[PDB]
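So here's one chain in two forms, each on its own in structure tokens, numbered structure 1 and structure 2.
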Structure 1
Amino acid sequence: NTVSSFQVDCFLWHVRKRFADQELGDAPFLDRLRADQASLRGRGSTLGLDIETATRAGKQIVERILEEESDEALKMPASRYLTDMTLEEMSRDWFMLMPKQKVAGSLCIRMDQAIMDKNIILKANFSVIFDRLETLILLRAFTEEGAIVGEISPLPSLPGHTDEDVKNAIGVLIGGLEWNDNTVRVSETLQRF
């Protein structure tokens, strides 16, 4: 497909662009770049296509090719690690005055019934794969003041958890926190996955 090719081309041009802006890039390289820029512009018009749009489309094609890569020398795993929490934040000391604990989906859910009227955000350190959650390592609930008042942790002593298991556990946690007019928010990385 002429269209598929063109998208890939606009995207690769874009990368050779950023490269030339990193101000590496020798003479004939900046020559080809200029020539390809003219070429693409006209191919754009002939195809009645929008370059910014077409660049975006080829980005998704190129992406899939790299994640598809079976070559050993170049292969990437790929699972990836997202950290919402600093190291200090994960291992930190916390206690509950009026503790509530609940195993669900191979996940241990905890919260302090005593806490009231706080604004709380849910931060999780966890791995993603294929644009969804793979393994949850830890998720903790923090008041505006950074105090920890809740935590969902994996139980490894028994089978693995889904991202379904996790999203459920969260919802169960928010709903417990809200009883005491706590307003509970969720990180933007927890929002996807």
Structure 2
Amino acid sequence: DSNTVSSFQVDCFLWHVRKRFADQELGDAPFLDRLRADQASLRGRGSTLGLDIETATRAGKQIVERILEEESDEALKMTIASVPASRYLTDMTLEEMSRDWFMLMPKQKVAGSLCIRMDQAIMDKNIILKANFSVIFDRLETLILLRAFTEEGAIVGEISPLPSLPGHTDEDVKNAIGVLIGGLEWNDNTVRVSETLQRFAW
């Protein structure tokens, strides 16, 4: 069931929290036994429904963050911003960001909570990926919209984010670019990526 997945990702996350606890060595012994035993039960559990933990745990982190978001219960309500609140980068005039387009030979992939879209018949062109996104430090958190543009400015490709669990990470976006490019290049084409991206991306 889907409640099984969710439940798993939660437990995974709460467990991560507890490790953090016992990292401060706050935990007494029987606790730390719950920690070990629940880590084993978890490895088994995730083995069997065949989700790896790392991402199950980010999912859980999002579910729980949502719970801690809704209360009210006075204060059980928490306030957290560990946030180096972030800077926004726009390679795309909105004129471009909103522009008609389609695919003659449509190719659609989903990876790491991003939709990658590509036109299969586009050959021997020179394209540049432009991306509006957000930065913390020099390393990306998040993407708003990526589009691929020909010499004559035209959409042959797109990478857009998805409301699934977990969300997408700088990584998910890096491989995403890799896939969009690499497939573009496969039917001959040359993909330059914008400086911003170059400067940030990978």
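Numbers follow structure 1, counted from its first residue as 1. Shifts are known only where both forms have a C-alpha. Take the two forms, find the largest set of C-alpha atoms that superpose within 1.5 Å, and that set is the rigid core.
In the core-superposed comparison between the two structures, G44 has its Cα shifted by at least 2 Å. In the core-superposed comparison between the two structures, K17 has its Cα shifted by at least 2 Å. Annotation: Cα of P154 displaced by less than 2 Å between the two structures, core superposition. After superposition on the rigid core, the Cα atom of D26 is displaced by 64.5 Å between the two structures. The Cα position of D131 changes by 1.7 Å between the two structures once both are aligned on the rigid core. In a core-based superposition, a mobile segment is defined as at least three consecutive common residues whose CA atoms each shift by 2 Å or more; between the two structures, such segments span 1-76, 157-159.
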